[PDB]
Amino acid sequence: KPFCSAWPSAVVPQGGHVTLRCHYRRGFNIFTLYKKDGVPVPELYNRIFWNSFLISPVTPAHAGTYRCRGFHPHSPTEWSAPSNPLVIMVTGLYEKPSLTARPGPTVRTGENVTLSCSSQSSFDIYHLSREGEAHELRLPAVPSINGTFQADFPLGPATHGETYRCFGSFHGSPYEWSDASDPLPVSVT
């Protein structure tokens, strides 16, 4: 199967651009796109591209999972197995959620830290992201006694200083994210 990455970023703001770049050593660098998740995009249905494919400008419809088969002319199907799943995320669609820290943004080593995303928007899911990590954490949003939709991320004992932002998303659109929270720098002393 081919190796497909997003350049320069899989996480792209609304109105931005992204290039789906694929490489295939077995066969040739002629690929066919496949959008698995997200809003249906007809102009992406069985679309054949060379080396790379430029999505611009990026709309909320482009958020979702993509896969690519490489041209392998001397195989039974003349096309290869699907590539690695490539998830494209679109941000800056809804109001940004507020991010706060318990007990506070500054705590000692070995102390449990728990972040909270809050919003007046009826987000179904909250996505916490840390600067440095590409692995995003996602938790369901639960209503509070204030009229806000909230989720609490328990990070556990502190090991080193980090910086967090969070996003909100409605049902049926997990990759269509809101504006990012203001950066919350967790300092570990």
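Note that residue numbering follows the sequence shown and begins at 1.
179-187 and 2-10 differ in mean CA B-factor, and the higher of the two is recorded for 179-187.
Look at the mean CA B-factor for 37-45 and for 139-147 in the entry; the higher one is 139-147. Across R69, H160, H62, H127, the greatest Cα temperature factor reported in the deposited entry is at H160. Looking at the C-alpha B-factors along this chain, the one for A134 belongs to the highest third.
In the deposited entry, the Cα temperature factor of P154 sits in the middle third of values across the chain's modelled residues. In the PDB entry, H17 places in the lowest third of its chain by CA B-factor. Among the modelled residues of the chain, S83 sits in the lowest third by CA temperature factor in this PDB entry. The deposited CA B-factor of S75 belongs to the highest third of values across its chain.
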